[PDB]
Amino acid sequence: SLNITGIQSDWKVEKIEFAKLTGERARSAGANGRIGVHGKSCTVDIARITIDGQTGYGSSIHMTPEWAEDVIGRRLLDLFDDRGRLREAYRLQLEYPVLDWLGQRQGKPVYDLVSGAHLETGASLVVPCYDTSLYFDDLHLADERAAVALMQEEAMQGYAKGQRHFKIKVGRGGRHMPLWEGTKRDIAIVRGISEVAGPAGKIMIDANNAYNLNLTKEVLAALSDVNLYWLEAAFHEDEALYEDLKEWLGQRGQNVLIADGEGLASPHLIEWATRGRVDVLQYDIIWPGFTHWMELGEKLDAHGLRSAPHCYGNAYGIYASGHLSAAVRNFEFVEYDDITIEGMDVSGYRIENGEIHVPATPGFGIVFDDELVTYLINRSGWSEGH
């Protein structure tokens, strides 16, 4: 659904440059259900592409100097297929710098270039978001009251910044705490954060597969008074288990969506979703990526299914995810982590009242510090072309 009618055939890839940018998230992220402390440090691998004397920037992965050497000289148009879709071989390495480039050259935000029927030209793009940063930051505290207070204060930091919806890590009893104790702590923490967000705040819980079906049912029942919007990764996806869970929720009149799709997903997950076992699909916004998601999102829309791309671990993906919502009707939320990357100015985006306002400026609306990136390319990155 990309508009590529205005791409001249004389337009060629002149130069490809690469650098890793670094920074930090606002608050160090602790453990989750399956692994240890995530930390405070953040990076974003970036490529700067030069086509017809103009540059575009974006996320770039799986690219080597040798790989990029072979792309120099090519016509932009030959990277696309007739259908208007960037070819598979170029997506992970180049889709973002290319889309940004196209927006810069055409003077349009990417969302305008990939817009679908549900967003009419000229209207501001405002997308729902949630605060994804509520990890197991309480583990060093033995006292439940203190643990709840600490997690409430973390949610409040988000609320103070304009967040209204919160995704809370649960599954403490899977690995990090004794089973029963950790499960009681999960419940106390979720109720606690519920009180910060208030009755209109959507609460998501993510167990990172630390539960089984019966632990999940115990937790859902305990939280029947919380405004639980969705349950994510209760346990590794399994059609029989989710069918059972959906029937149990149905009998209770408990309206909680099932979300899944991150990491090494079941190859049949979308099929299970079309049969009604899973409601929200969560493939990563970087890999498989944006071009993949535009196609997938249309398919899911047709099936009446929901999209919520995963973004954790790459600040750039937050902003990409925002633009993707213009192409996907049943887009749910931007997964938001508060991160400062040196040289990557995202002040064009704003969080207000549980939504992220996407700027109407060209490409992805992110302003990279050209001189800093030039320095980093020299210092530790690389360059192909001239």
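The first residue of the shown sequence is 1; numbering continues from there.
Higher mean CA temperature factor, per the PDB entry, when comparing 330-338 with 57-65: 57-65. Between 72-80 and 139-147, it is 72-80 that carries the larger average Cα temperature factor according to the deposited entry. Taking the PDB entry at face value, the top CA B factor among 161, 310, 169, 268 belongs to 268. The maximum CA B-factor among the listed residues 101, 211, 130, 230, taken from the PDB record, is found at 101.
Split the chain's modelled residues into thirds by C-alpha temperature factor. Residue 24 is in the lowest one. Residue 275 sits in the highest third of its chain by CA B factor, as recorded in the PDB entry. For residue 321, the recorded CA temperature factor ranks within the lowest third of the chain's modelled residues. Sort the chain's modelled residues by C-alpha temperature factor and residue 125 lands in the middle third, per the entry. Among all modelled residues in its chain, residue 43 ranks in the lowest third by Cα B-factor.
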